[PDB]
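Residue numbers (the entry's author numbering), protein chains in the order written: chain A, 67 to 482; chain B, 69 to 482.
Taking it in order: structure first as structure tokens, then the write-up.
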Ligand code: HEM
Ligand code: HEM
Ligand SMILES: Nc1nc2c(c(=O)[nH]1)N1C(=O)OC[C@H]1CN2
Ligand SMILES: Nc1nc2c(c(=O)[nH]1)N1C(=O)OC[C@H]1CN2
Ligand SMILES: [Zn+2]
């Protein structure tokens, strides 16, 4: 039939064709010879530091393309304002080598980047995003103020609101604005004498970086790390978040009374801060964004991953399961109870959260909306399907097409 | 060119050089990944009314013969060169050729070893190969099939096996087993759009009835086989009940579970895939091993488009089906997979849980890295349907490509 990828849902038997992928202008890591779709950090998108100013041409075409997307979103494609903005952009790049976005263009680009993220299952909310324009920020100290305002607004005392703060873009012949921390909220990871780790193993390096930069470490499993903010050409400055700004949820179980005694907990705000926001060729090296958690991120990955908190065995022992044999499914049982605890504790604390069933059901709805709206939706199957109960959620049975669209959120090298 | 593959749990890294041996194209391109699609748009295996190009067939053949003599370390011997002579001579004159039993045995094992979607490949070297190429009727296929079943089941101590029927020929139709598996439960489309039994088998159940089968009306009625000999209408054969080992499901602690009347057969035998060896195609080559508990407990019994028993079990457990946040689905699912493991083990029937299975696959990935410099794996199929990140394969990056010998999908004969 149609010359576009044919996509099938095996639960419903329905079919669709992805025409949106025809708009992709950035190559992925796959070829007809082999699929590299399951690689976390394949070397393509990877926004490696490209110091020396970019080719006035490649920048222009990217810019023109973005401006077209913008005028199309407001329905003025081909108008005088559209042709004037195009002229104004190339004129800017013509003398300065770069250009700037109008306020409304930044808001549009930012939402679109979220909309284009193949690995995000919460995209049904893409239209509701608070965009804080912080392109006037000129110091590491101001960055901190902006971030604190972000955390405050986004947290909204448990009734979380999606938001993103955009700091100044990459400027040729000038340093980058960078947040060294992967997330605005991170638990310290202390490398023990015996080689083990106290706290969160994922954050061992950043923890040791904060220390080397004057941070006085603690010794708990849930110590909130300080922020390492870097302004152009200056060394990173250390900033401690005021405890009142970091909302946390102590974990307890609805029926297993001993669970509370485990002393487990997690913060309410998931805010990625080390990714690069790219719009029309312009690169925003510092643009932290936040939403709310899907229960499996905490209950399954963060708490049960072998290289993270790894509490599966502890809980199983408390539940008196046979951890000596796989066939007892002690891991499966404990994990289920841990995820339930996360859901229960967040609900009790009146802090926003969404389980993997509701999350994926709503993503299916997002897929229908996008099918009608753009003729498809780029999606990374391995990241969309939850870490537990895969085939129990609708997305498992939904084939997906993955490709790169811009604006986009990209990975970037560590500043150190 | 060679992909860097990483395991995020251990931080270890390997480079896949085996993927360079791929000669067949997948569905992906630099523009977009289609790695999650179950079927190709047309990569299948088109008709065989005409002879395959001598140039192409000969190259696939020579490549295979090379693979074979290399496996027995006689790479270069006179035997090797003369076998190439034979194949060349046969293709040149007849437009095709035939395999020796030893080569066919090597090819079958290699096809399994190269199957990207198979998580039990650590067993790849242990495969009983039944040569059924001297078959000329559906009736004969049936006899071979029952022998395969009796041997593979082995009173509960399942043994991996494959039966290979006559290859495809340009001058005639194919030998085909219409059923997708040698053992399947009927799916009757009842008046109200409903479906009694396994919804996955509605179409094949109708075909059997269309060809004279007297249907039952249970939820687990073993279907009869529709075997097709070249250019002939398919024939109906009922499998001797004593050959079809079934396991009644009960729970180790929940007494009421058994009351549900759930059961599942012991032998998983795919019979609708095409086995390709050295350019030759075997349209009928049923193969079997043993089940991984999640295939039954999670997919077959819990998929919404299958038996869909999740809710019934939840209610029996008296769970809160009001909201999704109570995780009633996850809880019922775990118990169902537990009931499956308990029952098969009680009945002394071979089964493997998803933790043990993936752990063995990780070891297999390691063996293959040293042996061939890589291993094609389909991440979406390798990672189990429940407790994905609780297993080691989830954290393992994987490269997927097509190697030959291969098991491929082919069109439905009807
Ligand atoms: C509204 C609630 C939201 C939910 C429940 C949600 C949920 C998720 C989940 C489950 C992941 C995978 C995380 C992981 O496994 O590491 C993810 C990834 C992602 N989300 Fe969303 N998301 C939401 C909001 C946001 C917002 C506001 C943005 C940006 C404006 C966004 C951008 C992304 C991106 C870029 C990724 C991929 C990051 C990577 O490649 O590692 N998400 N999201
Ligand atoms: C020894 C026990 C074995 C186990 C535990 C095992 C397990 C599995 C599992 C879990 C699947 C996915 C099933 C599905 O989701 O539909 C699979 C697929 C597959 N297995 Fe294995 N396997 C074993 C033996 C075999 C044998 C003997 C062969 C062939 C000689 C084989 C060939 C394949 C192939 C070709 C696929 C993909 C089938 C398809 O595309 O539907 N397996 N295996
Ligand atoms: N959501 C999500 N899915 C994922 C991942 C991840 O980090 N997040 N990855 C891992 O953690 O390991 C590999 C890969 C597979 N699927
Ligand atoms: N094992 C296994 N994994 C799978 C599948 C399957 O059939 N078996 N597919 C489905 O059932 O839907 C899509 C795709 C995803 N992963
Ligand atoms: Zn791919």
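Just so you know, even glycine gets a beta-carbon here, dropped at the ideal spot from N, CA and C.
What did DSSP end up calling residue i once you bin it into helix, strand or coil?
i, result
"residue 377 of chain A", "coil"
"residue 307 of chain A", "coil"
"residue 430 of chain B", "helix"
"residue 385 of chain A", "coil"
"residue 271 of chain A", "helix"
"residue 359 of chain A", "coil"
"residue 350 of chain A", "strand"
"residue 74 of chain B", "strand"
"residue 175 of chain A", "helix"
"residue 151 of chain B", "helix"
"residue 224 of chain A", "helix"
"residue 202 of chain A", "coil"
"residue 447 of chain B", "helix"
"residue 180 of chain B", "helix"
"residue 210 of chain A", "helix"
"residue 255 of chain B", "strand"
"residue 468 of chain A", "strand"
"residue 231 of chain B", "strand"
Show which residues of chain B have a CB atom less than 7 Å away from the CB atom of residue i.
i, result
"residue 77 of chain A", "372 and 373"
"residue 360 of chain A", "Those do not exist, as residue 360 of chain A stays about 12 Å from chain B at its closest Cβ, beyond 7 Å."
"residue 448 of chain A", "447 and 448"
"residue 222 of chain A", "Residues of chain B passing the Cβ test: none, with the nearest at roughly 21 Å."
"residue 366 of chain A", "457"
Just the chain A side, please: which residues come within less than 7 Å of residue i by C-beta, in chain order?
i, result
"residue 472 of chain B", "By Cβ distance, chain A contributes nothing, its closest Cβ being about 14 Å from residue 472 of chain B, past 7 Å."
"residue 109 of chain B", "72"
"residue 399 of chain B", "402"
"residue 104 of chain B", "447, 465 and 466"
Can you tell which of the options has its C-alpha closest to the C-alpha of residue i?
i, options, result
"residue 346 of chain B", "B/83, B/74, B/120 and B/269", "B/120"
"residue 475 of chain B", "B/324, B/349 and B/318", "B/349"
"residue 279 of chain A", "A/287, A/291 and A/259", "A/291"
"residue 276 of chain A", "A/414, A/293, A/286 and A/262", "A/293"
"residue 187 of chain B", "B/432, B/440 and B/203", "B/432"
"residue 73 of chain A", "A/458, A/353, A/478 and A/443", "A/443"
"residue 191 of chain B", "B/457, B/356 and B/94", "B/356"
"residue 287 of chain B", "B/124, B/99 and B/368", "B/368"
"residue 226 of chain B", "B/437, B/373 and B/358", "B/358"
By the 10 Å Cβ neighbour count, where 16 or more other Cβ atoms means buried, how is residue i classified, buried or exposed?
i, result
"residue 316 of chain B", "exposed"
"residue 135 of chain A", "buried"
"residue 108 of chain B", "exposed"
"residue 495 of chain A", "Chain A is shown only over 67 to 482; residue 495 of chain A falls outside these bounds and no answer can be derived."
"residue 177 of chain B", "buried"
"residue 137 of chain B", "buried"
"residue 242 of chain A", "buried"
"residue 140 of chain A", "exposed"
"residue 230 of chain B", "buried"
"residue 460 of chain B", "buried"
"residue 81 of chain A", "exposed"
"residue 168 of chain B", "exposed"
"residue 380 of chain B", "exposed"
"residue 19 of chain B", "The structure shown does not extend to residue 19 of chain B, since chain B spans only 69 to 482, so no value can be given for it."
"residue 90 of chain A", "buried"
"residue 269 of chain A", "buried"
"residue 129 of chain B", "buried"
"residue 399 of chain B", "buried"
"residue 265 of chain B", "buried"
Check the Cβ of residue i against every Cβ in chain B and list those closer than 8 Å, keeping chain order.
i, result
"residue 421 of chain A", "392, 393 and 395"
"residue 409 of chain A", "393 and 395"
Whose Cβ in chain A lies nearer than 9 Å to the Cβ of residue i?
i, result
"residue 469 of chain B", "99, 100 and 101"
"residue 441 of chain B", "Per Cβ cutoff of 9 Å: no residues; residue 441 of chain B is ~13 Å from chain A at best."
Practice problem: For the segment 374-394 of chain A and the segment 222-235 of chain A, state whether three or more C-beta atom pairs, one from each stretch, are separated by less than 8 Å. | Solution: no
Exercise. Three or more beta-carbon pairs under 8 Å between the segment 392-403 of chain B and the segment 335-347 of chain B, yes or no?
Worked result: no
Note to self: With three or more beta-carbon pairs closer than 8 Å as the criterion, would you say the segment 356-363 of chain A touches the segment 404-414 of chain A?
What the structure shows: yes
Is the segment 419-433 of chain B in contact with the segment 446-455 of chain B, if contact means three or more CB pairs nearer than 8 Å?
yes
- Task: Report yes or no: do three or more beta-carbon pairs, one from the segment 109-119 of chain A and one from the segment 133-147 of chain B, lie closer than 8 Å?
- Result: By the Cβ test, the segment 109-119 of chain A is not in contact with the segment 133-147 of chain B, since fewer than three Cβ pairs between them sit closer than 8 Å.
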